[PDB]
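Its first residue numbered 148, the sequence shown is counted upward by one per residue in the deposited numbering.
Built from N, CA and C at the ideal position, the CB exists for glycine as well.
So the structure is just underneath, and the comments pick up after that.
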Amino acid sequence: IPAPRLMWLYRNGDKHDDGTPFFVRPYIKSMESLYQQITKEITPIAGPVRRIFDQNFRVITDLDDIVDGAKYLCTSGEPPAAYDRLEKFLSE
């Protein structure tokens, strides 16, 4: 049983978002449960979170795929924002 993994959450389309740290507690078992807790934290101006992308724009489909310390782009069902809005999300 791992310790709670850390996600650096980025608000889709908010080019000034410097990232919001979020700890995935071990009880979270479904994606919708995770989306709900993430929505509470970052409150996207486009509605509750429905999609989370890693920095290679792969959609997260299961909790086991989350990487401690990785950065994630959260959308409300829209595609990722234009590239020039993604500089902070995409920086190493």
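By the Cβ rule, the region 205 to 218 does not count as touching the region 184 to 193, because fewer than three pairs are nearer than 8 Å. Looking at the backbone, the Cα of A229 and that of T190 are separated by about 20 Å. Between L156 and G216, the C-beta gap is not smaller than 8 Å, which leaves the two residues out of contact. For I189, the enclosing alpha helix (DSSP H) begins and ends at 178 to 189. Rounded to whole angstroms, the separation of the alpha carbons of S180 and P173 is 12 Å. Beta-bridge analysis with DSSP links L220 to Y157, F200.
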